[PDB]
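Shown next are two forms of a single protein chain, provided one at a time as structure tokens under the names structure 1 and structure 2.
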Structure 1
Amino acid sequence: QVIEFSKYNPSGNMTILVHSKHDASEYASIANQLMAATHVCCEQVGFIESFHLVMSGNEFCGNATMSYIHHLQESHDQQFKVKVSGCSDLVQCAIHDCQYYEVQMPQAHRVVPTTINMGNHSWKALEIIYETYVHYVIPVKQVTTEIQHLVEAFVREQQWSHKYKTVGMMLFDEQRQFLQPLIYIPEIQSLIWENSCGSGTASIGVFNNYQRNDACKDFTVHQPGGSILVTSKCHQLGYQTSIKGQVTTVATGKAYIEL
């Protein structure tokens, strides 16, 4: 089977968009084969349906949506809405100058200040609960190898609610505006140090709102291999959060897969 696809670089965390038409039933299988082919994580494989974006696991994905906006600008500055998988409403998107793209991010259902015990120390954290995942923003003086091992041990040892497809441990150096993101998938007990779908960047915006009662506007969140901006603020509407980042096209072509 011939898959027509493009590979994108939203701030060092690469995505794939499939341009060729396929049965929605095949999407999970095609994405797994593209993941082996291209070394891109399945959650960051999207299908462009004929403006409509379907992620391989039917979830919302910020940096894949940002890649889709880049594709539309490149393929053919404005505000518009896109239909994306995992959303009840259309998603607000914007094209900005200098190949910056902005995407509305999932609304936090609740934030709770907490402490986590890792080794024999207590760490202040903000627990940010979304529909299908939870992030812990953990302020740090600096990210160390020791802290990374403690966070890995911590998530592995905890019993996690089945509500949460993923658990995020978002180590945030506030002064350096540096995020070291860890995504844990409880189902398959896998850990990956990557800001999957740019979700952690949005969580930093919510953290800033909670911590300072100050709106975020183009707040820079440095991470390994790039930078993403977060805007975050609205009475009974709750947290309104978007991320903004540069996307470049890495490659375009045809992949060859089985079936």
Structure 2
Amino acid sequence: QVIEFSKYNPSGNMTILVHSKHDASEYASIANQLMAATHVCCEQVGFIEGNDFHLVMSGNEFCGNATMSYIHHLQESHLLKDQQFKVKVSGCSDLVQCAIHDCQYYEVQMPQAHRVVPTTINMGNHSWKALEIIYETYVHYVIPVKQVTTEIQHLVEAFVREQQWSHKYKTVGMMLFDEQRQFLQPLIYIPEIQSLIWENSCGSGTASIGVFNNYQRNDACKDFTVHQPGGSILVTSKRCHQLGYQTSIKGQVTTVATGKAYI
């Protein structure tokens, strides 16, 4: 099978978008073959399907970095001018608010944090204050740190591996945040497969820093820079009375490759 694809770099979290048309029944198999290290290789695969913008993720979840890649493809390939628009994305009940801004910055509305719980977590001989941020299908812990260290990283791995996690949470994020350096070291745990990954960058993790800032200061944040291993992402977040948290991320994306993949 020939697959028409583009590979993109949104802060080091490598994304493929598929341009060619396939049955949704094949997305799982196509994506699994493409993301392999012995193939094109990537972290996430999206399929590009009047209501003309539709992105379907191979797992059918919402992905901010893949949506951001899709916005970039629309600007780059379809020559869209700067504007505010909506996209249909798998994993979302409502259309997602997107924007193309000047200087090729792309803004994506992120899933609403339902509630927050200030907590402390015990790792080793130390306790850390953390903010538990609860979404419909995942949970992030924002853990302020003086500096990220391999010792702390080992402690965090042990913590996620030793804990029992609600089956509500498809992913468990441990977001180590150096507040002074505005630096995020994101860890993603997938309970079902008991696998951990220290991400180059994390759209959803960046969004969680915006909610953390809102809780911590009662201040909105606008274009707050979250530095990460793979680059940086901006977060805009405000609590809007009864409407709750309204959070978006903004970033740049580079196309690294386009052509045909063989599966």
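We call the rigid core whatever largest set of C-alpha positions still superposes within 1.5 Å between the two forms. Residues that one form lacks are left out of the comparison. Just so we're on the same page, residue numbers count up from 1 along structure 1's sequence.
The only C-alpha among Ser196, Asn209, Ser56, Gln223 that moves by 2 Å or more between the two structures, given a superposition on the rigid core, is that of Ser196.
Superposed on the core, the two forms differ at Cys41: its CA moves 2 Å or more between the two structures. In this core superposition, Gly12 moves its Cα by 1.7 Å between the two structures.
If you overlay the core, the Cα of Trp123 moves by 0.5 Å between the two structures. Listed in sequence order, 37-43, 195-197 mark where three or more consecutive residues have CA shifts of 2 Å or more between the two structures on superposition of the core.
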